Every structure is written in C-alpha cells, then in structure tokens.
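Protein chains in written order, with the authors' numbering: chain D, 505 to 553, 561 to 627; chain E, 1 to 544; chain G, 43 to 170, 185 to 295; chain F, 161 to 242, 291 to 425, 432 to 449, 492 to 523; chain J, 1 to 52; chain C, 117 to 197.
Even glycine gets a Cβ: it sits at the ideal position worked out from N, Cα and C.
The next block holds one structure in the form of structure tokens; read it before the comments.
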Amino acid sequence: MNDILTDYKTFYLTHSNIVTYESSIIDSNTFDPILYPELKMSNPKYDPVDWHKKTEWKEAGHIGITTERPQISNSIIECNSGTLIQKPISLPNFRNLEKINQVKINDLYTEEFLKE
Amino acid sequence: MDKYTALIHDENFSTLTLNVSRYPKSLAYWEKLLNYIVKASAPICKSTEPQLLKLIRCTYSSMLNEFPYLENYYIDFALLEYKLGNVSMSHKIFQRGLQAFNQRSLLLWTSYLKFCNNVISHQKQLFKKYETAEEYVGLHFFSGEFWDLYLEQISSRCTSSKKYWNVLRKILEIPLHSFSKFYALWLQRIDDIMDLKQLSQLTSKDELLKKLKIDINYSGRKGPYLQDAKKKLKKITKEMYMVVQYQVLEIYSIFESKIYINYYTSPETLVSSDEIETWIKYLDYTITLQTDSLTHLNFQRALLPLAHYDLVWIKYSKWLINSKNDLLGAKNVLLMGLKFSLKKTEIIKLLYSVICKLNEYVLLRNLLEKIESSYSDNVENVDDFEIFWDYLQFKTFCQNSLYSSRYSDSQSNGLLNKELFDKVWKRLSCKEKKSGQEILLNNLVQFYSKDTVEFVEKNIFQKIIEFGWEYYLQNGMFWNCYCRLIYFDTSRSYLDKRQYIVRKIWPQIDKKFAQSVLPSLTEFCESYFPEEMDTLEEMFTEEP
Amino acid sequence: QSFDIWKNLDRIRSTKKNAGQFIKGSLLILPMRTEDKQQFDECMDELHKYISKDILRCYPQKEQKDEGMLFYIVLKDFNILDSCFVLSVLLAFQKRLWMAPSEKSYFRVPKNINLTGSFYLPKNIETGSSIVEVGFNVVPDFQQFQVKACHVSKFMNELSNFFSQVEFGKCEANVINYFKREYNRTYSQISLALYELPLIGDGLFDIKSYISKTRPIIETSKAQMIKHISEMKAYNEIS
Amino acid sequence: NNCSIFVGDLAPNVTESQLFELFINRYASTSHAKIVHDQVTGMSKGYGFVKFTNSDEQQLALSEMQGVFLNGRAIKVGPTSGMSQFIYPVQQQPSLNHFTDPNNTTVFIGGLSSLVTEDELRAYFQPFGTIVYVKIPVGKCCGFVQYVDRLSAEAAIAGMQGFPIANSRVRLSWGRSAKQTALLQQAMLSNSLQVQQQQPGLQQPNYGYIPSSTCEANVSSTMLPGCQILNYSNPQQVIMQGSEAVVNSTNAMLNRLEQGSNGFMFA
Amino acid sequence: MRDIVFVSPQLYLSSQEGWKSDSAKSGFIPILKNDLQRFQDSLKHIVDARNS
Amino acid sequence: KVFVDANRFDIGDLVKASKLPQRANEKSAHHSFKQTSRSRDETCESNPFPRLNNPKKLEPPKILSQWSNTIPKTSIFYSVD
C-alpha cells in the first residue's frame, strides 16, 4: 500500500494539472490526491471524518490493556476564570469512581495459544 | 581610554568574535563571547558607556534571533534592561520571548509574571495578564509555581475573598504535578470556615439544596449542621481527589518518570532514544484527551527539547490536519519547521501537499523559487536526491499547470519540458556522482503513447546508444526500462514490438558487458517473453 | 442558487434584516500573490471603480523576489456586503489564473471552481460552518481565518453569518505598516532558513569539534547496540 | 529492606575500607558503605552511610556500635532512615506478566486463516519499524512479530487492529517469545511455578538511534542530530546511516513493484 | 556605531545582496571593521565548493 | 545566569552585599562541606551530554497522608528497583 501510494504521488504530480485536480476534490470524504496518499502511509484503516466509551479513551496511556478511567463530567479546565467568575460553579458530576482499582485484560495469548 | 576602546583593541575579543561569526550555530562560542563581553564590564550600571551598551544589546539580539528557543536568555536580557533603568524595552523583550514559543512556554510566563508583580502599577491589567496566562499556559503539568504565585496575588490583592475560592476550585480539577499542596490549602480553608453563609462562596444555593440536600438559611443548632457540611464536602473533595490522583499517578508512572530533559540545550545536542520515544507516547496520550489548550501546550513542550529532530513537527502537523481539520495551522507548523529542523526533506515534502490542498499555487511557485535560487540554479548537482526529486515532482506539476498539452489523447507534457528535460539531462550526465539515476529512468517511461514514447526513445536512449557511455551500458536496469518503454505501447500490436525488441535491441548490447545485464534482463525475459528465452540463451552462451 | 455575484449580492441585501449598517472600528487584511501584474490591474481598476477609496486600500511589495509579488488588500470601515463582494472577486481571481485562463470575465464565477482562502483579522474579536479559526498562527497580533471549498451562495451566506456574529472595535492607527514589517520579517526568516539548506554539511556547524565531541560516544552506543542484539539472540534461543 | 545507618564524627584517618571492615563481617552483612568526603579536597567530612540488606542486622549493628571506639573517637552509628501530610506514593507490582511489561515489544498475532506466509507477514509489519524474525507456528493459525522499539509495537497495534488478512479478521495482543512459551509450557504441565522473565532492556541512554526508523540498504557521516546516525539492519547487525538511504529505498520499492507485477514475490 | 560592521554568513554564503551593514539590523552578527577581510578569507573553501 | 540567585542582575548585588561576613571563627569552622558556587561564565561546552553525567530521577507527585489508603495498589507497568 505504501508502494502504491508513493508511486501514485510520483505519477500524479507529473501527469496532471490543476484543472483536473480541482474538479476531483469532494467534501463528503475530504479527498485530495496530493495529501491523502501521505496520511494513509502509517495506518491501513483511515476514516476521513460518546468519546469516553470508545476503544481509544480506554487504552490511551497503555496499549493492549483496557481500563475505564475516572473523569469529571462538568470539567472547567477549558473555561477561563474571567468567565467562571460570572456565576457560581455547580457541583462536580462524577463517573467511573467504582473502578479505581479494577482493571481487565483481554488475555488472548493464554486462552487461544496456551490453553487452546 | 575607556573600557570600550580597550575592548576594541583587545586581541581576544577579535578572535572570539571571528569564532562566533565563523560558525554561527555553535552556541558555546556565543556564550563564551557573551561572558567575555559581560566580563569586560565588571561594573554593570547606567554610568557606563552607551556605545558599549548598544553592542551588548546587538549581541543579545543576534543571539536571540539566531537561537529563539533559549528560555533563560530572554529572562537574562530582560532583567538586564530592567537593571539598565527602563521597563518598556524589557516588556518588549518579554513579548518577543513569549512570541518565540508562541505563548506556550511556562518559564517565560512565570518570570514575566514575577516581573509584572512589581512593575504593572494597575490591578485590572494584572488580572487580564494572569487570565491570559491562565487560558494559554495554565494547563501545564509542572505549573505549581505559576498557580502558587497566582493564588498568592489573589490572596494579597483581593479583599472580597471570592476569586480565591473560584481559582482553587478550578485547580482541584486540573492534573498538576504538585497538586496536593492545593488540596491541603482547600482542606485547611474548609477548616477555616466561620459560618454557614460562606458556603455560597463555594457553589450556588440551589446546587446545595439539590445535590447535597443542604440549605444556607436553615436556622437552629448549626454545629452538627456545619459538621455534616464539612464531612460531605470532604467526601466530595476526596472523590475528586481520587480522580485527579489516578490521572496524575498514571501520567507520572507511565510517561513523566521517563523524560529527564525538558529544556532547549542547543542545535548540536543529542537526545536519547528513550526520551524521543516517551515524547511520542506522551503526545499520543495527549491527543486522546481532546483538551485543545493542554494538547497545544504539550506539543510546544515537546518542541522545547528536540525541535531539530523534525518528528514532533510532522506529528503535530498531521494532528492539525486529520483530527481538527485545521490545515492552515499545519501550514504554519510546517513553515516554522523550516527554521529549526536540519532534515528538511520530509517537512518540505509534506508542506508541498499542504500548499497544494489549499489551492494557493502562486505561493507554491514562490516557495519553489526559493529552492531554485538557494542553489543559484544548480539543482542538478545536489548531493541529496530527496530534495531534488521532491522539487522536481511539483515543478513538473507547475509546468503542466502553466503550459498546455502538446500530444494527442489529452496527454499533457510531463518531464519533457524545455525547463525540465535540461535539468534531468544535466544530472544524468554524471553517471557516478549523483544518485537516483534509475529512478528517473523508471519515471521517464510513464507516458505510454505512440509519439511520446518515440520522443523519449529519441532524446535520451538513442543518444545513450550514440555516445555509448559505460555506466548505462553496464547496468541492465537501463535496458530493462528501455524495453518496458516500448513493450507497454498502446498503439502497436504485439508481433511488431516483439520483433523490434528481439531483433534491434538484443544484438546491439555488448556480450562482455552482459554479466551485469543478464541478471536484470533475465527477469524481464521470464516476465513477458517466454518463448524468447532460449533465443536469448543461445546468444549469451558460454561458447562462440 | 446561481453562479452570478450580483444576484447573490441582491439576495444578501434582501434577507439579512437591515444589514446596511457597517461595523465601528472594523479592519480586514488580505495578503495575496499574483504571477503577473497586467491581468491584476484591470480587475483592480474595476474594483476601485466599484468600491470607494476610503473603504478599501491597496499596498504593493518592494519587488525583492522579482517573480512572486505580494499585494495587501486592506478593507477598512467596511459594510458586510462590500466585504463579501471583494472577497468573492479576489477569491475568484486568484484561482481563475490557474483554472480558467480562457473564460475572460472578472465578475462571472463558473461552477467548477470552489472558493478557498485565508484572511487576517485583528485580535480584538467577540463572536458572542465553513469559516474556521486557526490554531498556532504565525502572526503575533492578528488572527487567521480559513474558508474552504464553497460555491458562491454558500460563500455569501457563510461570510454574512460570520460578520453578523463577530464584534470588532478599537483598532490601532498604523497597524498596517506594523503587519507589513512583521510579515516581511517572518517570511524573510523562512527564506533565510531555506538559504541555510545547502549549508548543513561542513558549513556552519563546527564539524571539526563536533566529530571529536561525539567520536567515543557513538562507538559506545554502537557497542551497546551490538550487546543488545547479542542479548536478544541469547533471549530468543531455545538451545 | 536495605536499611541505612549514618556514622558521624569519624576521624580523618578512617577510609572506606576501615568502615567496611567495622560495619560488615561483625554479626551482619553490610551490602554497601561509602564515606562522604569533600568535593574537591578529597578529605573525609566525618560522615558515612552503610546500607545493609536486613533491617534487624543493621539495628543490631547500630545498637552495638553506639559509642564504640572508632579510630580514637565515637562511632555514632545511629540510623538515618526508618507528622507531615506529604508522603511519597508507594505501589505494588503486577507480578510481571507479558501485558504489564513496558519492555515487552513482541506482538502476538492470531486469527489467521493458516494461509499467509512468513515473507508476506513480514511485509504486513515492515514499515512500522525494524524487525528481527517473523516465524509462525504451524497448524496453530497464529504468530509472533517482535520489533526492537515499543513505540513501533504501539503503532503496529494501533494501525493493524481490525485489519482482515485473507478474508479473516485479526486478533492482536501481547505475548512472550518461543523459548519463554516453551518454558511456560514446561512449567505449566507440572504446575509448580509458571513464572515468566522480563525482556532485557536497551542499556539506555542511546543518543544515535531514532525510534520508528527503517533502513533496508564508504560512509562519510557528519553525525548531525537532525539526521539519523545508527540503525539496526534488516535480516542482523548495526549499520551507520548513510545519506543514500531514500534513494536505495526508492530503487528497492520500484524493483518490488516490478517483481510484484509479474508474480516473482507475493509479499 | 563606529568601528563595527554587521554581517551574517547566511546571506554571504548564499551570495545575496544586503549581506553586510553598518547599522543595527535584527539577525546580524557585529564584527570589527578591520577584520572583515579576515572574515572573507576564512570562508573561502565553502564559496569555492559552492561555485564548483 | 538566572537560577543561581547570585549572578542575577537586579537582585544579585543584594546577595553579594550582605554576606553575613562571619566574624566568629566557629561559624566559619563549623561547616566543612563544599560551597558549589556556580559562576556566570559556565558555558554550553561544559557538560555536553546531560545523561552521561549522572542526573537525578525526579521526585514523585506527593500525596496526602490522610488519604493515602485510596491509591491504586496495582501499577500499570512493571517497574524494577
């Protein structure tokens, strides 16, 4: 896939013009044949375009092992104190405070290779 | 004579100045020269010569324009200008220092605010400056000194005793390194309460009535009522302390206990393979949190030690492209990456695609003009082929952009332009000094027409046959590309081009030069000419 | 709707609920680049015949590169309609030179072109979609704003929805020359950085001391790598 | 335990050998002993630290040496270590499995269709980083991909997850090597200990190497930090990173496209 | 300022105009006026490799 | 030049002025350790590689001792020594 994308970046920049290029740009999947073969080099899957329950928030700091870390729902770390002084801030809403010691591991190596 | 005239006629000053101006990116020479100039003025005051003070200011300005990532030297020259009487020039030095890191350097904000605690003579302007530092750099991991200073200034200046509670309540949700001091201040300030009516300093009364089921105006015996208030607020603070403690403990025990260097040493330094890897891991963690100020802060923190390694520049550019769809930001990232990185290949190659997505092609032509003028129109004799080839792709794109097509079937002219073919032929004539010879030979055969293939085979290949150069006649990949040029024609039949390749190419090549051609031609013959294998075998056999 | 500028101008004059009042203390700067000057001059003369001198001003470069010119278009105390008109004309013209060299109409925008551009505004803004802000801007004082991949009517509606929410005020007097000096300084720095590109090897890094400073260190690191490979081979060996 | 005792007010003619003889081999076993001398003069300041393995032997030595004759003066061998709010955090260990090892850089791949080869499975995991072996078990529809870097393993798991190889979805996790798997199978057949071993490190610091960097191919290297200095070879040895690396990689990928268009290799 | 000259090798080794000046321009290194020939004679091999 | 607190520009003369000149001989003969006075003239040539010259591991984030019983007892990665 890297060889195909590098050969397409070699061939397309030497056999095309801006008139063909600007008509090929669509906004449904942000497809641009100059820059899209560069971003697709690292990962095989790539999408062009509820975060706390996905498979990326859970294994962020460490890969392979999943965990549900505790966070604060009404986090005020982004709002400046010039806006937080306008009104008194409500109580902090809590979640995942019952899994501060519990971690689970999708052990495939023991179950599929050792114990068959 | 004064110290300035003795400083001019001294023998060591000229040698140090020539060693600085001989290699400008050797920071130890700059520091030795700066220490010698400061040693030349052993009393530093306002009664010294201004003709030497202007030279000190020019030396510091040249050092800070050559090395803008030095954190301590902006502080040094700013407090030098504060020692020399004025503060407007010191404020200008602080502003250009904070602009050198683009408002995301903790040490310069800390030193500028310790400076501004005495020199501002205005309270609302101090609050606007500290809130600017809060919204830009206030999410730093090691920012305990900044927030301790800001809480000290609130506790010293404010008399309403309300903003301190607000800022400390904000700090009790921020993952700081030195965080338990703020929790200890919070717990001893809950102990320092005097009545129930101060609970409105924490939250509103409806949030106390709904979440904690407690009223402010509940009159009666308020002893155990306030004790139950303290216990429930201590339980909520303990839960939020467990959350922030797990976050800080995770960030420390996985990431922050590995990075040992957090400062800009020099453009000549070397950073270990552990620390680069842990910066990449920490920024991969930082992207997931999706807090934008903290993410840009940690990317600037990773640009602090190792901006010359070009990995975090390209990573932060790709993050601004795909995760935010903010591509002018990535354009400015790649523009500032040209000023620091030494391996300028991949940053300029990505910046080409960034400019081409923006549909600003006059900017692309003005950028390529700087490359073709940086060599004084001698891009064909460059040692690094990765610069010239990334230039040549987009220059061919620009030549297809300006000029119209020459051939049929809507085929625009590629590398065979009058401003492009000469640059290729100037590089192909070296034959041993310039690498990337077969890359052009595999990329000049990608037209596949009737007259254009004849044009390519007439300009270079027939000319190589006519001159008979040793390097291309020895290499079999040259003849492999030449056979691939004819065999993939779209106008000829199979029998005529097969008779062409068999009869009028293979007897033309040399028999004693076939020792390096036969491993490259045997693969092509096994590929496309199966019945022509034993014919080529009887031509290159061991006996005459 | 249509592909004409004036019909969308009539539409944006009609249903934007008394949008004739301009913005107090309003400023916009559009730096653009053209390959040639003679094609630009006719469109700019038509623009000065349409837009007055007090609202819009133009600033040339110093001709240092001699190939790529840089022209500032400063819109000062502008209304919301003239801004949309000027940005539509300039965003059509700086891309028509690459897409349509044979159309030959400075006020008719075709359908195959998408408007994508970048314009600066002062920092003192208050917003309290296709136009986005930027992160990590290169200008110390000004904020860069991006529009991407729009038709004519979408460009009109998005620029009007952007300028109906933002609130300008209290701009500095000769801030144009300040932006000129800062822009020239920044791009002269990156041009000098591109001039430093052939000067990497043996030029200005003090290689004579840098070889001797790292000569035992790379050797010990290579010995550590060889020991790592041998220990990995002993670790993966069953034996 | 490593209990530390601080001897003080020693004489000038008392080196580290006399303190080690007076501390160790007297009803105890002192692991280390160091007298804190001057930074530039070389003379001892009269203080020294003695770290032993057991706390009871160090306590008995501190109780027996309290007032003993040490080179004409007192020993003062009282302990140095062992109501504030601030205490350092202490943690236990995850007992060293193959998940909680930060030096564990080999990825266990499973869910294969028993159809992919070894060179093709090398070609799946080649640009993520340098690699050492791609051998797979036969009949077990699984394999092992060991890198050198841990960030390369992170990139491989973050990219290759959910990627179907030969109409069969992949399962990526962690795992040990083949010899450690054989040791775990030999210790699990009798079920005595079933203990694992940590993967060895890199003997850090390492200035020359840049992580997630591949190179397939005289050398006049300037050793500049912006470029790459050293790299691991592709099988294996250590190579000096030359300037003609992207050229050789481009020639290699053009040769790979030419030999893959015909069918001389499937990878 | 007398007995000074501002110069940078980034504009001299690239062979551009304005590579030397007498006034305080941001980004230039101040050297002595009588040692400018010693500066030009020091970077001879880089200019010779640039021309050849 | 900044953190040494003796080569500071604005308040370094205050440090160099009142040394508390120790007119008692016992106040000068009591301390027998090194001064480790870092001069301003220290350049980048000294200590080129900060990892070869043995640094210190940074201190952990300190936690409250009254709320120390709620720490996660199981770490994420295996740390040795």
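Check: Do the stretch 364-379 of chain F and the stretch 317-334 of chain F touch if we need at least three Cβ pairs shorter than 8 Å?
Finding: Contact holds: three or more Cβ-Cβ distances are below 8 Å.
Check: Should E/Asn-332 be labelled buried (16 or more other beta-carbon atoms within 10 Å of its own) or exposed?
Finding: For this step, residue 332 of chain E is matched to residue 332 along the second sequence. Buried is the call here.
Check: At a Cβ threshold of 7 Å, is F/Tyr-296 touching chain C?
Finding: Residue mapping note: residue 296 of chain F aligns to position 88 of the fourth sequence, counting from 1. Interface annotation, F/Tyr-296: in contact with chain C, CB-CB separation under 7 Å.
Notebook entry, point to check: Alpha carbon to alpha carbon, how far is F/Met-291 from E/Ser-200?
Noted result: Translated into positions along the fourth sequence, residue 291 of chain F becomes position 83. Translated into positions along the second sequence, residue 200 of chain E becomes position 200. Cα to Cα, the separation comes out at about 33 Å.
Notebook entry, point to check: At which residue ranges does the stretch 178-205 of chain E contain complete beta strand (DSSP E) runs of 3 or more residues, listed in the order of the chain?
Noted result: Fully enclosed beta strand (DSSP E) runs of 3 or longer: not present.
Checklist line | Beta carbon of E/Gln-103 nearer than 7 Å to that of E/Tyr-82 | finding: Along the second sequence, read from residue 1 onward, the residue named residue 103 of chain E stands at position 103. Along the second sequence, read from residue 1 onward, the residue named residue 82 of chain E stands at position 82. Cβ atoms of E/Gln-103 and E/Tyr-82: not closer than 7 Å.
Checklist line | Against chain F: residues of the stretch 149-171 of chain C by CB proximity under 8 Å | finding: Identification of residues in the stretch 149-171 of chain C having a C-beta nearer than 8 Å to some C-beta of chain F yields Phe-149, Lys-150, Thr-152, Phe-165, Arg-167, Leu-168, given in sequence order.
Note to self: I need the boundaries of the beta strand (DSSP E) containing G/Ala-205, first residue and last residue.
What the structure shows: Taking the first residue of the third sequence as position 1, residue 205 of chain G is located at position 149. Run containing G/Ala-205: 199-206, per the beta strand (DSSP E) assignment.
Notebook entry, point to check: So, F/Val-324 versus F/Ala-386, is the Cβ gap smaller than 7 Å?
Noted result: Sequence index remark: in the fourth sequence, residue 324 of chain F carries index 116 (1-based). Sequence index remark: in the fourth sequence, residue 386 of chain F carries index 178 (1-based). In this structure, F/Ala-386 does not lie closer than 7 Å to F/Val-324 by Cβ.
Check: Any C-beta of chain C sitting closer than 7 Å to the C-beta of E/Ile-75?
Finding: Taking the first residue of the second sequence as 1, we reach residue 75 of chain E at position 75. Yes, because at least one Cβ of chain C sits closer than 7 Å to the Cβ of E/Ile-75.
Notebook entry, point to check: Counting only beta-carbon atoms, is E/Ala-330 nearer than 7 Å to chain C?
Noted result: Within the second sequence, the letter at position 330 stands for residue 330 of chain E. False, the Cβ-Cβ gap to chain C never drops below 7 Å.
Notebook entry, point to check: Mind checking if E/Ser-41 is an interface residue toward chain J, Cβ cutoff 7 Å exclusive?
Noted result: Taking the first residue of the second sequence as 1, we reach residue 41 of chain E at position 41. No, because no Cβ of chain J sits closer than 7 Å to the Cβ of E/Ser-41.
Next item on the list: Flag C/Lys-132 as yes if its beta-carbon sits less than 7 Å from any beta-carbon of chain E, otherwise no.
Entry: Locating residue 132 of chain C in the sixth sequence gives position 16, counting from the first residue. Not closer than 7 Å to any Cβ of chain E, the Cβ of C/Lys-132 fails to qualify, so no.
Next item on the list: Measure the beta-carbon distance from G/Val-203 to G/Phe-211 and round it to whole angstroms, keeping in mind my assumption that it falls under 8 Å.
Entry: Taking the third sequence and counting its residues from 1, one reaches residue 203 of chain G at position 147. Taking the third sequence and counting its residues from 1, one reaches residue 211 of chain G at position 155. Between G/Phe-211 and G/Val-203 the Cβ distance is about 7 Å, and since that is below 8 Å, they are a contact.
Checklist line | Cβ separation of F/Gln-442 and F/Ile-495, assumed to be a contact under 8 Å, to the nearest whole Å | finding: Within the fourth sequence, residue 442 of chain F is the residue found at index 228, counting from 1. Within the fourth sequence, residue 495 of chain F is the residue found at index 239, counting from 1. Their Cβ separation, rounded to whole angstroms, is 10 Å, which puts F/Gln-442 and F/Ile-495 out of contact at 8 Å.
Checklist line | Range covered by the beta strand (DSSP E) that runs through D/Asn-585 | finding: Start at 1 with the first residue of the first sequence, and residue 585 of chain D comes out as number 74. It is not in any beta strand (DSSP E) - D/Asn-585 carries neither H nor E in the DSSP assignment.
Notebook entry, point to check: Do E/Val-312 and E/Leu-334 have their C-beta atoms closer together than 7 Å?
Noted result: Within the second sequence, numbered from 1, the residue matching residue 312 of chain E stands at position 312. Within the second sequence, numbered from 1, the residue matching residue 334 of chain E stands at position 334. It is not a contact, given that the beta carbons lie outside the stated cut-off.
Check: Can a CB atom of chain E be found closer than 7 Å to the CB of G/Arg-75?
Finding: Locating residue 75 of chain G in the third sequence gives position 33, counting from the first residue. For G/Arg-75, the answer is yes, since a Cβ of chain E falls inside 7 Å of its Cβ.
Margin query: Counting C-beta neighbours from all protein chains within 10 Å, is the total for residue 58 of chain J 16 or more, i.e. buried, or is it exposed?
Written below: Chain J is shown only over 1 to 52; residue 58 of chain J falls outside these bounds and no answer can be derived.
Checklist line | D/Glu-622 burial status per 10 Å Cβ neighbour count (16 or more: buried) | finding: Here residue 622 of chain D refers to the residue found at position 111 when the first sequence is read from its first residue. D/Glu-622 should be labelled exposed.
Check: So which residues on chain D does E/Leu-107 lean against when the C-beta distance must stay under 8 Å?
Finding: Here residue 107 of chain E refers to the residue found at position 107 when the second sequence is read from its first residue. The contact set of E/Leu-107 on chain D, defined by CB atoms closer than 8 Å, is empty, because the minimum CB distance reaches about 21 Å.
Margin query: Under 7 Å, Cβ to Cβ, is there at least one residue of chain C near D/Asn-521?
Written below: Within the first sequence, the letter at position 17 stands for residue 521 of chain D. Answer no: the Cβ-Cβ gap between D/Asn-521 and chain C never drops below 7 Å.
Next item on the list: Take E/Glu-380 and list the residues in its own chain whose beta-carbon comes closer than 7 Å to its own, dropping the five residues that flank it on each side.
Entry: The sequence position of residue 380 of chain E within the second sequence is 380, counting from 1. For E/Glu-380, where only same-chain residues beyond five positions count, the Cβ hits under 7 Å are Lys-423, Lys-426, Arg-427.
Item checked: Cα-Cα separation, F/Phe-336 to D/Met-505 -> Working through the fourth sequence from its first residue, we reach residue 336 of chain F at position 128. Working through the first sequence from its first residue, we reach residue 505 of chain D at position 1. If I take the Cα positions, the gap works out to 13 Å.
Checklist line | Other residues of its chain near E/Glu-526: CB distance less than 8 Å, five sequence neighbours each side excluded | finding: Taking the first residue of the second sequence as position 1, residue 526 of chain E is located at position 526. Here E/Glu-526 has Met-533 as same chain residues with Cβ atoms under 8 Å from its own Cβ, once five neighbours each way along the sequence are excluded.
Next item on the list: Quick one: residues in its chain with C-beta nearer than 8 Å to the C-beta of E/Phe-385, no 5 flanking neighbours on either side, listed in chain order?
Entry: Start at 1 with the first residue of the second sequence, and residue 385 of chain E comes out as number 385. The residues are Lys-434, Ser-435, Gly-436, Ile-439.
Margin query: Please list, in chain order, the residues of the stretch 561-583 of chain D that have any C-beta partner in chain E closer than 8 Å.
Written below: If the cut-off is 8 Å between Cβ atoms, the stretch 561-583 of chain D has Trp-562, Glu-567, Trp-568, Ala-571, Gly-572, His-573, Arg-580, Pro-581, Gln-582, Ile-583 near chain E.
Check: Does DSSP classify G/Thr-57 as helix, strand or coil?
Finding: Locating residue 57 of chain G in the third sequence gives position 15, where the first residue counts as 1. In this structure, G/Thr-57 counts as coil in the three-state DSSP scheme.
Notebook entry, point to check: For F/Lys-211, which beta-bridge partners are listed by DSSP?
Noted result: For this step, residue 211 of chain F is matched to residue 51 along the fourth sequence. F/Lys-211 is bridged by DSSP to F/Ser-164, F/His-192.
Next item on the list: Show which residues of chain F have a CB atom less than 7 Å away from the CB atom of D/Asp-507.
Entry: The sequence position of residue 507 of chain D within the first sequence is 3, counting from 1. Simply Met-509, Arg-512, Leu-513.
Checklist line | Backbone secondary structure at G/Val-131 - three-state DSSP | finding: Translated into positions along the third sequence, residue 131 of chain G becomes position 89. G/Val-131: helix per DSSP, three-state reduction.
Checklist line | Chain-ordered neighbours of F/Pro-419 on chain C, where CB pairs are closer than 9 Å | finding: Your numbering for residue 419 of chain F matches position 211 in the fourth sequence. Taking a Cβ-Cβ threshold of 9 Å, none of the residues of chain C is close to F/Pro-419; the smallest such distance is about 16 Å.
Next item on the list: Assign E/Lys-281 to one of three DSSP states: helix, strand, or coil.
Entry: Position 281 of the second sequence, counted from the first residue, corresponds to residue 281 of chain E. If DSSP states are grouped into helix, strand and coil, E/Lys-281 belongs with the helices.
Notebook entry, point to check: When you compare each of F/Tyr-296, F/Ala-508, F/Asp-327, F/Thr-436 to G/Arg-271 by their alpha carbons, which one comes out closest?
Noted result: As a working note, residue 271 of chain G is residue 215 in the third sequence. The residue with the shortest Cα to Cα distance from G/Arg-271 is F/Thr-436.
Checklist line | Helix, strand or coil at E/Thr-269 [DSSP, three-state] | finding: By one-based count along the second sequence, residue 269 of chain E stands at place 269. DSSP, read as helix, strand or coil, puts E/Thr-269 in coil.
Notebook entry, point to check: Given that G/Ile-246 touches chain F, what residues does it touch there, using C-beta distances under 9 Å?
Noted result: For this step, residue 246 of chain G is matched to residue 190 along the third sequence. In chain order: nothing, as chain F lies at least about 17 Å away.
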